[PDB]
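See structure below.
Protein chains: 2
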Amino acid sequence: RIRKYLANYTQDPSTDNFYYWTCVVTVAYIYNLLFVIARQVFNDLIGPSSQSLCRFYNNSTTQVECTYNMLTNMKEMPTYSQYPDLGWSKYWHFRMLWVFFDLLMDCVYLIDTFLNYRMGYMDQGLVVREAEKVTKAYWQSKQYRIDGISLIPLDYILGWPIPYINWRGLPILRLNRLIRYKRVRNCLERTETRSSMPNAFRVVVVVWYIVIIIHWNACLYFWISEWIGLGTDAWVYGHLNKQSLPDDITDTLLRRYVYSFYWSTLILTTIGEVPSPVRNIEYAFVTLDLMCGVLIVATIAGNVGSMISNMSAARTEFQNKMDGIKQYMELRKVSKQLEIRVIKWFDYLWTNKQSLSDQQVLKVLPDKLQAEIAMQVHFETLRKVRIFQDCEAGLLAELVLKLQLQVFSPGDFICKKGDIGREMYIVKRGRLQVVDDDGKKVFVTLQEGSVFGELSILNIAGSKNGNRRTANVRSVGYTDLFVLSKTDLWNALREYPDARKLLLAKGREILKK
Amino acid sequence: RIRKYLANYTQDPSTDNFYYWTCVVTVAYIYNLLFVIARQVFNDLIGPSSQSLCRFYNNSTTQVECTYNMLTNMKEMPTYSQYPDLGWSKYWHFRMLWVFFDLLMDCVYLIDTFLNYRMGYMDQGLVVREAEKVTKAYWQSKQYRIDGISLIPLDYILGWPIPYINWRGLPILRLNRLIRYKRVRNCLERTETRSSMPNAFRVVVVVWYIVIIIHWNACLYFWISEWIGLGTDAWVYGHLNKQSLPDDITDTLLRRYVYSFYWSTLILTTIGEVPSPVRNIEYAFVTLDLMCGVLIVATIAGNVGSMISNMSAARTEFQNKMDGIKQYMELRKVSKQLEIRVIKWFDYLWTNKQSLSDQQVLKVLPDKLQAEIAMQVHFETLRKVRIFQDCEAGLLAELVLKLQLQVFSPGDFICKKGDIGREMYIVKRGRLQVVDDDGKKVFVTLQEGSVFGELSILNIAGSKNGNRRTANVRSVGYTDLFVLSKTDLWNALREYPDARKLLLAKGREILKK
Ligand code: NA
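In order, the protein sequences belong to chains A and B.
Residue numbering for the first sequence is 104 to 161, 165 to 619, as defined by the UniProt record's numbering.
Residue numbering for the second sequence is 104 to 161, 165 to 619, as defined by the UniProt record's numbering.
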């Protein structure tokens, strides 16, 4: 039942469900990141706690509650008068909506702290899943410190307006929820690896960081403006700042946030098309802010330039190789015809993504994976070669390890009559044909998967032109042959002497018949 | 005839005519890219559909058709009154010109859809050209979806002013022509490879992208200005924007486009010397636009910096090598004279583009091309060596594969009397001379193509100082020798035993005579 399942449960961090969970926790973290500072600085997000009072001229001048026509074209800023119950009868629905999302994100934090409690870890290359071990490792580590500091429900008692003690609230007490940044960094690291566009995603995440910095600096600008006093000079938000409040513009919560966000965007991007500071404290703030903005712009530029140089590195390497080849062919005075042939073949290899190397797989993988990949590509082709049909699979594994790719262009000759023959060819991705001594005839056409030269790899010792090629073979279009050298065959064969004698017997048989 | 040719026709994509065709299709695409959005937002491009009416003071104030003096120094914007036939009697020539270029570019799109219908593809390294196969591959792929969506003639019925139903037109319905971007990307990819300046071309294409973005954002600025209302605040185009319409400036279609393009250039380059926004919606638009402009400037900078670092990479590598050499010669206390000699030789190798390596050709080309290049450079020189004049061409092919470049500076000695001689030298790109034991005499001068030391490569077994050099040879200026080692000769020779015995015979003969 529920008790059994929850008493036994332990988590595997490498699942996909755990990744989706880390995304849920990232959503909750981003909720806190934006809205705790927004509710601290922009108090009316939970509903106004006080009444705005404007000095209105009717017969005479008296102090009344501001309308929207009183908050347009102001000659001074309004003054505030607290409600007896700090806006609770008028805005309890707004405040219960905020409380509900607070409890939702805190329940997410509690589920996360439980999954941390029953969290499986790697030990001896395996993930440990014994409830006793995982909880003991949880307590040995000090994850519980960060888990408990991040959930202290201090904002529930002291973060809301309490009218009985005239406590106005302190939403900033929910900033301990921001200690859980490791799960968010983990989610973003995992999202980059699962991404099909890892450079683009990295730039996007930096842009998201910049937008959140601009939001926090918007809240900082407005908090500094309100601490200096709104409308007291031409730099703070207010009626003397004519970019803040132009002619027919109303002073609203939306206007305060919109102007502060625009101000912060222009300052942290070093555009600076905002009013100049007036007081020494504003000069200090703006100087520091513009130096931060210089660094922020250099960071955006560095990330974009890094992405741009990473995504053009292969074309640059190809162009370097092509330039070197052309330089060589100029210095050593090669024909124009062979030069255009070289450039055609190199351009084909580019626009078809071939790379002319198996070192991609060779170097960076472990030999187990290399052997498995090679056996999946070459083994079934190699087992039908008519001299390897009666061998043990170990020999063929060693052989599929030692196969070399050779590429040919249209009309190229693989071999010609009376040539040294010391190889065996397997046709992959092409088509060959055996032409009668002039290039205007055809005997047979070799398709993919066929084999040519398989007796020239044995040594039958008196086999009627054993070493010479005895045929002409040319490529129809671009071909991809795989070659098993004679040296490689005998090197591998010396370890299997029973397969050796049998190969010799089969070769003599095929030769005689 | 025509029917036969068109029924049989099938296209090869790798031709040069097809490249010129892709350039024609790129011209048609760029036509649509600019002019569909321009005709949507800047309606008067096809001729005004309505009459501009200005409130004029003659005796009294009445509403008359605006002149150019009424559209200068305006106190308010004019109002419009549709024509009964929506400008068709006055501007049918403009509209038929636009219709003609529309039909021209749509015929280009139809030719392109036919060439896609009969389009040859690569199969087994060959381009397939059988009409049945290419059309079957066209239908198997879903190219016909994109080809048909991009040609829906909806703009011909609903994109022009129809006065009978009071339809004002919707030029934006021609935006489905912009689905064919793959042919344009293909054309630009192919233009980069054919380019002699591939870094410059890449930067130029990014600059073209930025200019088109600035054009579309100019149209966006003016559409937003017109939707808010022209002349309603100091940010939209109009008479209250005194950068839009200064003192003696007339409100024309050219002025609207010119100002919107300048505005968009200053915003997307983050210069920002334009009026500040006034309303919340303008603040939102401009904040988003300036963040896009930050990214656009970082993109331009990244592409330029990538090009700059690619075009100075070789000089940087050379300077790294030179610095390493000088560091070594300082640590190990080499003379100043040998140090200036090393630096002179390295500077020469730089300012003459030699690279001291044949690995350029060696690594990156397939062995077929390497063998052909080596045979074209070395074979005729090697066949006149007086011991290789009576050999089979296969031996000489193997030998021209195994030739090593050695470079010498002016006055350097290739060899001296009584030195171990185990090589043969072929003079390429230089001039040697045999000096009599003091360096003040001359016996013979060896020019390009000559050969020295060709008997020291054989083993005549008692050949009167067979191993010692028996002559002094020094380089006149910078020389480029190619050396055939004795080890290489015998390694290659063991495969040809008939050529071996013959070489031995010829060497004994030359030695005796
Ligand atoms: Na300025």
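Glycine included, C-beta positions come from ideal geometry on N, C-alpha and C.
- Close to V440 of chain A, with beta-carbon spacing below 8 Å, are these residues of chain B in chain order: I479, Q482 and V483.
- Taking C-alpha positions only, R104 of chain B is separated from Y112 of chain B by approximately 12 Å.
- Contact fails between the segment 344-360 of chain B and the segment 188-202 of chain B, because fewer than three Cβ pairs, one in each stretch, are under 8 Å apart.
- Counting only Cβ-Cβ distances below 8 Å, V410 of chain A has contacts in chain B at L401, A404, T405, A407 and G408, in chain order.
- Counting only runs that start and end inside the UniProt region "C-linker" (419-496) of chain B, the alpha helix (DSSP H) elements of at least 4 residues fall at 419-437, 442-456, 465-470 and 473-488.
- DSSP, read as helix, strand or coil, puts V540 of chain B in strand.
- Residue state for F588 of chain B is assigned as strand, using DSSP reduced to three classes.
- Interface annotation, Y584 of chain A: in contact with chain B, CB-CB separation under 7 Å.
- Contact between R537 of chain B and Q512 of chain B fails: their C-beta atoms lie close to 15 Å from each other, not under 8 Å.
- Around the beta carbon of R575 of chain A, 16 or more other beta carbons lie within 10 angstroms, which makes this residue buried.
- Residues of the segment 514-529 of chain A with a C-beta less than 8 Å from any C-beta of chain B: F514, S515, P516, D518, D525 and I526, listed in chain order.
- Where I532 of chain A is concerned, the enclosing beta strand (DSSP E) starts and stops at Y531 to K534.
- Contact annotation: in the segment 450-464 of chain A, residues whose CB is within less than 7 Å of a CB in chain B are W451, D453 and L462.
- Cβ neighbours of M435 of chain B within its own chain (closer than 6 Å, five residues either side excluded): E445.
- Within the same chain, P304, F307 and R308 come within 7 Å of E298 of chain A by CB-CB distance, once the 5 residues on both sides are set aside.
- Proximity to the ligand NA was defined by a C-beta distance below 6 Å to any of its heavy atoms, and the residues meeting it, in sequence along the chain, are A:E379 and B:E379.
- In this structure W314 of chain A is exposed. Its beta-carbon is surrounded by fewer than 16 other beta-carbon atoms within 10 angstroms.
- Looking at the DSSP output, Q114 of chain B bridges to B:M225.
- Two segments are said to touch when three or more pairs of C-beta atoms, one from each, lie closer than 8 Å; by this definition the segment 150-158 of chain A does not touch the segment 310-327 of chain A.
- Listed along chain B, the residues sitting closer than 7 Å to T422 of chain A by beta-carbon distance are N416.
- Contact holds between the segment 327-337 of chain B and the segment 364-372 of chain B, because three or more Cβ pairs, one in each stretch, are under 8 Å apart.
- Burial check for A110 of chain A: the Cβ neighbour count within 10 Å stays below 16, so the residue is exposed.
- Chain B has no Cβ within less than 7 Å of the Cβ of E445 of chain A.
- Boundaries cannot be given for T173 of chain A, as no beta strand (DSSP E) includes it and DSSP labels it neither H nor E.
- No Cβ-Cβ contact shorter than 7 Å links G517 of chain A with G231 of chain B.
- When the five nearest sequence neighbours on each side are left out, the beta carbons in the same chain lying within less than 6 Å of the beta carbon of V240 of chain B are those of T113, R224, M225 and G226, in order along the chain.
- When 8 Å is used as the limit between beta carbons, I318 of chain A is near no residue of chain B, the shortest such separation being about 13 Å.
- Only those residues of the segment 255-268 of chain B whose C-beta falls short of 9 Å from the nearest C-beta of chain A would be listed, and there are none.
- Within the segment 271-316 of chain A, no complete beta strand (DSSP E) segment of 3 residues or longer occurs.
- At least 7 Å separates the beta-carbon of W341 of chain A from that of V311 of chain A.
- For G536 of chain A, the chain B residues whose C-beta falls within less than 7 Å of its own C-beta are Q230 and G231, listed in chain order.
- The three-state reading of DSSP puts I520 of chain A in strand, counting E and B together.
- Against chain B, the CB of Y368 of chain A has a partner CB under 7 Å away; the residue lies at that interface.
- The C-alpha of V144 of chain A lies about 12 Å from the C-alpha of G275 of chain A.
- Taking C-beta atoms under 8 Å as the contact rule, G193 of chain B and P277 of chain B fail to qualify, at a distance of about 14 Å.
- By the neighbour-count criterion, in which a residue is buried when 16 or more other Cβ atoms sit within 10 angstroms of its Cβ, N458 of chain B is exposed.
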